[PDB]
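Notes follow the structure.
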Amino acid sequence: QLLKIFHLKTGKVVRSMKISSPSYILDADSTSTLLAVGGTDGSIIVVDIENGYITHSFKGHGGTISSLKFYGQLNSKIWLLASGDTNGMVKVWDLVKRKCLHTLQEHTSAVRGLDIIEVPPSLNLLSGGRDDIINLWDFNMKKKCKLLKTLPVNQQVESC
Amino acid sequence: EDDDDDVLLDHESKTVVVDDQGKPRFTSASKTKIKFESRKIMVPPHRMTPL
Amino acid sequence: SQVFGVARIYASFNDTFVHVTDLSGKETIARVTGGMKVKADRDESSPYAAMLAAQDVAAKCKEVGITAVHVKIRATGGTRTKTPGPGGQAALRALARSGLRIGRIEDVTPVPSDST
Amino acid sequence: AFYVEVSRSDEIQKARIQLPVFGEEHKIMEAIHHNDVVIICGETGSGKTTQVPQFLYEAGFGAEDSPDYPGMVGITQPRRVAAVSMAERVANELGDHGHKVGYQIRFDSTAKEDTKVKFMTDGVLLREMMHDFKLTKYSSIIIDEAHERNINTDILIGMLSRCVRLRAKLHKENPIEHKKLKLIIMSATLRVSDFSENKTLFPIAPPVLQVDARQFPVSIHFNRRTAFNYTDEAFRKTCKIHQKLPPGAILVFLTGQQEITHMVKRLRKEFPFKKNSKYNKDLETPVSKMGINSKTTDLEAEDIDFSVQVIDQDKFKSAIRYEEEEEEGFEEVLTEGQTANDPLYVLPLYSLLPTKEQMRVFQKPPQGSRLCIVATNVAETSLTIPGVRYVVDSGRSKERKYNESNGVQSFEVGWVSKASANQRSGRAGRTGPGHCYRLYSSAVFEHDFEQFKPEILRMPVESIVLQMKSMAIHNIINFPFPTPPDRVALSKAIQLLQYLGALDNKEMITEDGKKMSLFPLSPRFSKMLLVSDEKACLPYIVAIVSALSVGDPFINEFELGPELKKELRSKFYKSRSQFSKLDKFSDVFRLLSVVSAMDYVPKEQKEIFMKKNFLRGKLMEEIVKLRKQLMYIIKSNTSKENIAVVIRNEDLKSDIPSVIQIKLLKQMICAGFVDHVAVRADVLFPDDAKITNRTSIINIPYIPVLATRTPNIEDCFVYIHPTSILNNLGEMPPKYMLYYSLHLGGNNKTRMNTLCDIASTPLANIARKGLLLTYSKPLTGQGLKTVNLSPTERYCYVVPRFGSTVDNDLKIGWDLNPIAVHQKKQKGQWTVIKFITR
Amino acid sequence: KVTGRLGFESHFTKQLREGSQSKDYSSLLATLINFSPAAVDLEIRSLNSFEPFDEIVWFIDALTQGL
Ligand SMILES: Nc1ncnc2c1ncn2[C@@H]1O[C@H](COP(=O)(O)OP(=O)(O)O)[C@@H](O)[C@H]1O
C-alpha cells in the first residue's frame, strides 16, 4: 500500500496505490516529481508524484531488488534509472524509451549503493555491494565499457 | 409521441515534454493473477465408497 | 524463479511455534511463538494467536526474500497426543493465505515404538 | 521616509543616461506623487520597460521606512518570458540591490522572499487579485505594453480601475489602516485615450505623459513579388544577407516554434562552427525545444492549433491580385574581414523556450561570427535585441480570428496591421542606419494590412465572460472595459453559460464552468469535449466538432444540381446513398462517416475519393489535420497526465458505431447546442402548422426556444435547410430537431443548419444540467405515487417544461414526456440529482 | 408507467397564478372548498416554498380575501 502525504498544510493522503510486492527500497529524483519503488520480486515501478500513478512498469529484472538511483538534472532529456539487485547485477534503464540500456552481470552479493554522474554523454556510474567491490563504469549511451575496481575493505551500504 | 430510451448517464509512448521549470513528465504506463498451487490429500480405503 | 524455506510449524499444547528456516535446518529465520503476540497467558495457544504469528513470519520472510515454504507440521510427539491440534491448521491457513507459495505439506510428529 | 539610497554600476548607469528614459524621470515621479493613475506613452527601444521600476524603487516604492508606501512592487509583463528576462535584467541593474528582484510566472510559484520589486505575469496577478479582492500587499502596479489590447490586459485594467478607486477611497482618510496604490501604465503607441479618457473606464480623468527616444534611419524594402513559402523566401534572403551585406545582426520575424526551429537548424547547417563549444551550444539550443504549461500557469498565443484556415497559390495570388535580378537591399558592399561563409550565432526565440535558452540571446557571439535571432512578437515591444541592423518580416502573426454564424473559427496566423508592422520594421534602423526587408509588395502592404484590433473584439464574448467568471468577478454588466461589448450580446452570453451549465442562477462559476474556461475554444465545443469522455465516443465527437469547425466538406450546389448533367447528378446522389449513408437518416451521421471513410484508404489513393464523392481537398485535408490536434488538446486537459500525452494514428482515425454510440453522440451534440433546438409546430399550434404529408419538407415549420411569439405567423416559423438528408428523402420529420445556426434565404424563409433528432429523454437528461428547464410539481393523479424517504428526499414523477412557460412573456416553450426524478430539496426548492431508468 | 396529456400543472396552482395576476381569488376558493380533503392535503403540502415566496403569499392573500 503506497501512500503519499503532501507535506504542506494539506497533510492529507493525496494518492494511494496498490503495489505488487512488499517493497523495501524507494528513491525520489534529485528533482521532484519522480518516485521509483521496486518490490521484492522483479518489478520497478516509477511514478510521477504530482498526479500520482504509475508511469513505468519495468518488469525486467530478477530476484528481490536492492538499492537504486536516478539520474536527474533539471530540464534534461536523459532520465536514467540505476536498478541494483540481490543476485549481483546492475541493469540500467532509461525513462525516455523504456528500454534496458545495458545488462551487467558481474557481482556476487546484494548490489547496495550505486550512483550516477557525468564528467565531460559520458555518464560514469559506480555500484557497490555487500561484497567489497565498488566497480565504476564508463556507461556510454550506446555501448559501455569498464574501468578500475578499487576495492574498499568494508561491506558498503549506500556508497555515495 | 414515441419516446426513446438512452442512458446518457454520469499504448505507451517513447518521448517526453518536460515543463517550463525543468521537471520532466512521462506518458502513461501499461496495465499490470494469484498462484498455480496444488494440494494432494490421500483417501483411506474405508471412506472410499462414501466419496 | 522462487526459493524455498521450511516452516516447521509446531502445534504444541498451551503454545504454538512457527519459524521458517532455509531448507538445511541451521539458519532459522524469525522465530515467533503464540505467546509473543497475544497478551493474556490463557490463549497463547489460540488459533488467532497463531494466525497473526504466521502473518508476522510471512512478512519477515518476504522481507528476507524467500517466497515458497515447504511446510512441515509437528505435534508435541512423545507419549502424548501425536497429532496436530488446532493451532497447526490455524498457522497453516494463515501463511497459506498471506501471499506465500506453499509446498509439500507433511507430518513429522515423532512416533515412539512403545516407549515409557 | 523620503528615500533609501540606491546604487548601480557605471556602464549600465551611463547607458541609462544615454537612453532617453532618464530625461523625464523627475516629471514622471512628480506626476506619480501628485496623482495615482499615471499614463506613460513610450515605445520600444526607449528603456521604459526596464528602468522605470528602478525609478520607483528610487522613489520609495518598496521602502519599509516610508509609512505611505511600505508595500510590494508588481511589474506585470503579459508574457512570462518577458517577466523572467526583465527580472534578471533588473537584477543586473540594481546590482548590490539586485537581489530585491523576483519573478512569478505561474500560479503554483508563490512569492520568493528576497524581493520587494517583483515581476510577474498578467494572469498570475489576476488570480492574486481574485483571492485578494482588497490587494493589501502591493503598493504599486505596473502595466507595461498594455497597447496590445489583450483580453488579459482588458480584464486587468477593468478590475484595476475599481481596485485603485476603492483603495484610494479607503486610504485618503486614514494612511495607517489603508495604504496607497500607484498604478503606472505604459504603451507603445500614443492611442491611450481608450485607457485614460474613457468615462466608463475612468470618470476621474488621469494624467497622461510621454518620454520617447530617437531612432536611426530605417531603410524599408518591399519586394517585387510575394512568395508562397515565406520560410524559404526569408531563408534565401537571409543567406544572401549574411553572404553579402555589411555587418549588423538579423531579426527574422516568422511565425511558430516548428518553422523557427527548422530555420535555426538550417542556418546552423549553412554557417557552421568547427569549434566544439559553439557547436554544442547550437546543439543545446536545438535540443531544448518545447514546453506547454497547460493548466497551472497563465496562457498565451501559442496554443499552436485551433485553426481551420487552408491555402494554395492561386488563392494567395487572387488575394493579392491588386499588385499588377536587381533587388532592393542588395546595394552595399561586403566588408573586409567579413567572409561570405562566416559563422552565425543562431538563436531561436519563441515563447515556449526554456529559461536557459531565453538567456542566451544576450551573449556576445564568437569573433568572426555574426549574431542572429529568428523569433516572433516577444521581441516586438517587450524585448529588444541589442545589436541588430537587418530585420526581415513575414508580416503574419498568430492571433485569434472568428467570424460568426457560419462555422468558421480558427486560431490562425492572419496578416499583421500597418501600425504593428511598422513597429516591427522600426527595429532595423535601431543600432545604426538599418535595413528592413518586408517579405511582400508595398501594394499588399497597402491593401490587406489595416491601420489600427483588440482581442476582446476578435474573441467571442461568451468565452470572455467565462474568463471573467473563472477570474471571479460578478458585476460584469457594468464593468469598465476600454471597449465594452454589446450588452445584448453579453447578456445572451450569460444566458448561454447558464444554459450550458457554467453559471448557476446566482451567477457563480461551477467546476464544469472552470473546465470550460480552461479551453482555448468556444463554450459550446468546450462543453462537447468535456462531456464526451464516456463509453468510447470521443473519436466520433472530435470528428463532428472538427467538421463543424472546418466548414462544409460536401461539393453539393456550387455546381450542377442535359445529357451528362442528369447522369452526374444521379451518380452524385448515388455517392450520397453509398458509404456516406448507412446508419440512420437524422442529418449528421454522413458528416461523421465521410471522415470515418478517410481511414479506409491508402495514402497513394488520396485524390480519387474527393474527386469521386465530391469533397473539397484543402478542407478535407485540414479536418484530418485538425482532428489530431483537437484530440491532443482535450486529452491533455481532461486526462490525468496533462502535458505528456501523444496522439497515435488509428485512434484519431476511426471505428464504427452501432446504435448505443450513435444515440450517445446524439445527446452529446444536444449538450453542445441545447439552445438551438426546434419543434414541429403540431405540438404548439396544430391549426397553423397544417400538418400534412404533401407540404414540402422545407415548409414544415420549426420553432426555436426563447424566441418571441407575436400574433404574426412567421415569427418563430423558421424552416429546414435544403442541404440535409431531409429535403432529400423527407418521409416524416421527427418532432425535436437540432441546428447549428440560421441563414435567411431570399424568400424570407430562415433556413437552418439541422443536426440530429431526440425524442424526449436524452433531451431532458442534457437539459437537467442546464438552467433551461423548470420542473413541475409532482403529478400523481392517475399514476403511481410519490415515495419519500425523508422530508428532504423525493422519488417523485414529474413532467419537465423546457422553454420556461411560467409567466409566458411570449418566450415559446414546450412540455416533455413524464419522467421519474430523484430530488434533494435544496434551500426550499427541489433540485434534481438524477433520473431513474426503466 | 407513463401517461400522456399531463401537460404542465394542476388546476389549483394554475388558478392560483391566474387569480394572483387577476387580483382576486374567488374561483380559486370556490374550487378549494369544493374538492376532496385528501387531495387538499396532497396539494397544500407542496406549495413551492422558496426564496421569492410568490405561491405562499398568494395563498395567504387568498385566504385573506376569502375570510
Ligand atoms: N534581459 C535583458 N538583458 C539585457 N538587455 C536587455 C534585456 N531586455 C532588454 N534589454 C535591452 O534594454 C534596452 C531597453 O529596452 P526595454 O527597456 O527592454 O524596452 P522599452 O524600450 O520598450 O522600454 C533594449 O535596447 C534592449 O536591447
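In order, the residues displayed for chain D correspond to 373-696, 710-837, 839-947, 977-1253 in Swiss-Prot numbering, which applies throughout.
Header entry for method reads electron microscopy, 4.0 Å.
From the backbone N, Cα and C atoms, a Cβ is placed for every residue, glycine too.
Copied over from Swiss-Prot:
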DOMAIN    D:401-580  domain 'Helicase ATP-binding'
BINDING   D:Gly414, D:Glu415, D:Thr416, D:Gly417, D:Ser418, D:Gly419, D:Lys420, D:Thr421  ATP binding site
MOTIF     D:516-519  motif 'DEAH box'
Secondary structure content, the motif 'DEAH box' (D:516-519) (per DSSP, counts of residues):
2 helix, 0 strand, 2 coil
Taking the Cβ of D:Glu415 (ATP binding site) as the centre, how many other Cβ atoms fall within a 10 Å radius?
21
Neighbourhood of D:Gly414 (ATP binding site), C-beta criterion under 8 angstroms, separation at least six
D:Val393, D:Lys420, D:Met558, D:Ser559, D:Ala560, D:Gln582, D:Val583, D:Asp584, D:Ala585
What's the number of neighbouring CB atoms sitting within 10 A of the CB on D:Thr421 (ATP binding site)?
27
Using the Cβ centroid of D:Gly414, D:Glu415, D:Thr416, D:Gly417, D:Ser418, D:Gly419, D:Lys420, D:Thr421 as the reference point for the ATP site, which residues of the same chain not in that list have Cβ within 8 Å?
D:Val393, D:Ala560, D:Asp584, D:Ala585, D:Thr766, D:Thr769
Taking only same-chain residues 6+ apart in sequence, whose CB is under 8 Å from that of D:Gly419 (ATP binding site), what do you get?
D:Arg388, D:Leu391, D:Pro392, D:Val393, D:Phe394, D:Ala585
For D:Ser418 (ATP binding site), what is the tally of other C-beta atoms lying within 10 angstroms of its C-beta?
22
